[PDB]
């Protein structure tokens, strides 16, 4: 019996997470979500009356941004510049994989969002899984001081075939590690024990080598406001393994070699 904005609001930070991971750019992902929100609030589109509000919101997002090549609402079409880019970086297979692995939708829910049948969503997920698993092994630095968490993420990274070259508990340890060897990927806690950001002393060096960084946090919603500079790739602790596979898969898709 809640009104429209109340039905939408709790899901907005997480659809920003999805959009950022899918597009590889914080500003772009945030913008696409803002447009969908404003369109709904203005009555230009309407949530499906039966689907859960979360599923319905993602369906609207897909109608606006991701339906090129498809009465039925459609925003972008194949000829648009943004649509051409999205067809290359964000194919339907990758959408299906992120909806399930990153966002935790069931395959049936993902099918509603993509407007396809169950068999098709399974095919799409399988395609993306093969592509992600085929990513080249790289060297990974972890910056995390909580020991169980550090060990958990090392295990998940190793399970994906990557090589963890160090685990730093402090900003200084991270700088020592990077001085010895530049990694191809960094997973960094947003807040160490001293209250500092683990990435701070290596951010510049990593930036010049375009090394992707995934931020680790217990409260991802705080970094998913869309109102200031925030991470593009995020993972929540405690870890759900498929979300780590998805975040790493996207980071290395957008920023391979490093």
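Positions refer to the first chain, counted from 1.
Colleague: Answer with none, 1 to 3, 4 to 9, or 10 or more: how many deposited residues between residue 70 and residue 71 are not present in the coordinates.
Modeller: Count of unmodelled residues in between: 4 to 9.
Colleague: Once you work out the mean C-alpha B-factor for both 247-255 and 1-9 from the entry, which is higher?
Modeller: Averaging CA B-factors over each stretch, the winner is 1-9.
Colleague: Mean Cα B factor from the PDB record: higher for 210-218, or higher for 30-38?
Modeller: Mean B over CA atoms: larger for 210-218.
Colleague: By the CA temperature factor listed in this entry, which of these ranks top: 49, 224, 57, 66?
Modeller: Among 49, 224, 57, 66, the highest C-alpha B-factor in the entry belongs to 49.
Colleague: From the list 104, 75, 119, 184, select the residue with the highest C-alpha B factor recorded in the entry.
Modeller: Highest C-alpha B-factor among the listed options: 119.
Colleague: Against its chain's modelled residues, does residue 125's Cα B factor rank lowest, middle or highest third?
Modeller: Middle third - that is where residue 125 ends up once the chain's C-alpha B-factors are sorted.
Colleague: With respect to C-alpha B-factor, does residue 179 fall in the lowest, middle or highest third of the chain as deposited?
Modeller: According to the entry, residue 179 has a C-alpha B-factor in the chain's middle third.
Colleague: Based on the entry's values, in what third of the chain does the Cα temperature factor of residue 94 lie: lowest, middle or highest?
Modeller: Lowest third, going by the recorded CA B-factors of the chain.
Colleague: Divide the modelled residues of the chain into thirds by Cα B-factor and specify which third, lowest, middle or highest, holds residue 149.
Modeller: Residue 149: CA B-factor falls in the middle third of its chain.
Colleague: For residue 131, does the deposited CA B-factor place it in the lowest, middle or highest third of the chain?
Modeller: According to the entry, residue 131 has a C-alpha B-factor in the chain's lowest third.
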